[PDB]
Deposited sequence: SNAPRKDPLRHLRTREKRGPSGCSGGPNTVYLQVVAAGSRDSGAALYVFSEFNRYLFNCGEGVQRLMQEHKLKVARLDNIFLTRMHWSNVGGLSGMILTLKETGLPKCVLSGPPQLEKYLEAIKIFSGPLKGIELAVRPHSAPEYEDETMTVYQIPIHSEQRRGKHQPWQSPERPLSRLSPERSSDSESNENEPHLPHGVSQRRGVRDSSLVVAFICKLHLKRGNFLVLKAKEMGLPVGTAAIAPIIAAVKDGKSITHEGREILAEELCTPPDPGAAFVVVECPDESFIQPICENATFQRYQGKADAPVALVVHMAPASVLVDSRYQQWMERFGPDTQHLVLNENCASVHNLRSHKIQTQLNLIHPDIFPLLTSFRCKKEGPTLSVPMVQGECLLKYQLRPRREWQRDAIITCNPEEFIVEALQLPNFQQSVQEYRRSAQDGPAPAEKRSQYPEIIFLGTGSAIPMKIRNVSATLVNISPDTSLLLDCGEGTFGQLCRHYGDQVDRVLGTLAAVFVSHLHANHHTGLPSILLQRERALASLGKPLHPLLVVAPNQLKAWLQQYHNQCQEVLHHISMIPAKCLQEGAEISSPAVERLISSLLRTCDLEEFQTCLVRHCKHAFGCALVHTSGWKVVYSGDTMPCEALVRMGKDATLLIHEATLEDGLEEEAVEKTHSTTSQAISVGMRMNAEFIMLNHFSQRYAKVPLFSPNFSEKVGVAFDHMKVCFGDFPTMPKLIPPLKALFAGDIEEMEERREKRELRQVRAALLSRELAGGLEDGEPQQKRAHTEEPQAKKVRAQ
């Protein structure tokens, strides 16, 4: 038997993170409710995934399986031969649906253990699956609860330690209260002296908890039983590095870089509870957020203070918010790609919906998220790579919730995307959870310059899109990145034009279509060093993007989609003129800020002097190795 066993709260149920546990043991590791952004949080806090044998999903819902594809492709790159999923039987259909936009994922092996399957035991823990059906093949009323029993460890004579069990219960709504109460299997452990359940993790809204029946249900487990509750009432910072960076940059320009936003124990990030050595509420790694320390560290930098002083002594719509400026994997500072455009105070357009985009939006706007989602008019998806579209279902569900809370009619959203995306969402809607009743999708090919009206419904939808977003015209073109990869361009009645490239290479159709653009957003994955790799991987370098922008003769040029090689900042080639800018998570850019952007280069150089120096040293070492090769 293992010598130590403890739990850990990766996410505490906050609206922008979901909930998830992490069962650590010397022999095995387990995960519960892999939602959106769980991979980023676990990577930030150094939680290894090397031996993540089993992943337990308590409910077939996008709030519990959102980040499943990301974890699967990470474990694969990790080299794990087989991973086993446990939960509702619909996972098999979900796995089939994932392959529509991804590949066949041959390398890693996937297995499913539904609740109807026989019980699974390990070298450290026995797991029982309890199916719960709400009152009153897609099934929208199934929730699985888990009861994990540890193996008995013989004493060292030291008396042996009997196995202590813990229970994970999910109660998404009041309709599930009675089925949980009336379940006979729970009474086997609850009303008895058999290994009185050490800790029970409750993930249910606070309105459910205050119910008398639920309150009596928890109390019947005994006085010694603990109770942990991840119920969206947590007040804890999840992304410490993001908060640090945003607070530091806010010191430069507040507008361009706005600031972010019965006994029971409310969960916190990195909260632990040991079970094998002893039984205590460890609480040794609880995150602590203090902006004063961050600004002190920023001010003590060798060159930051003088640079910001020099910049400061020198001295509207539409406005662009860069929610995410990273390419493949989510990282500590940069999320996956996204871009919010605010055409009018009452309308908005989402330019790309990466995984966990809603989380970044909620962090950026705080309590204003409900109002913002009301103004969301359309979403554009450019090419069906992962981490460019996987965050869409979260946006749709949260938009429905925000519309319900704000008291507005449920009108379907407009989605401009390749027709291949229809199959993925169609299968997910048919097999797992209803989604399609929220969107009215428009194929991207129908908006081409030489396109033709496929159906009168499509023409009606595009006309409705133009009316809602108040745009004069919407255009798309096929960029040279992959099969069915599209750009976009928006022209307002005011006359300003915005062009979004997407993943691409230097192309001529984009230049022809986006002529005389007011603001250009272009992919800048790599630098001049690896132009061969960029050609091989179908991506553009920094100077390539700059040349494309200059040839198209845009007023300003913005770069994003930076590679994982890049940690904090890209290189700043002497080619960086007053027109070329750079993007960071959560900055706001307005048309009046174009002259200001070049002035921000010295402060940004000072704030990241060590990082850019280390990157330059690494590049020099690589060049020396290449020369000596």
Legend entry - Parts of the chain sequence, as deposited, that carry no C-alpha coordinates in this structure: 1-25, 162-205, 226-268, 374-385, 440-450, 765-798
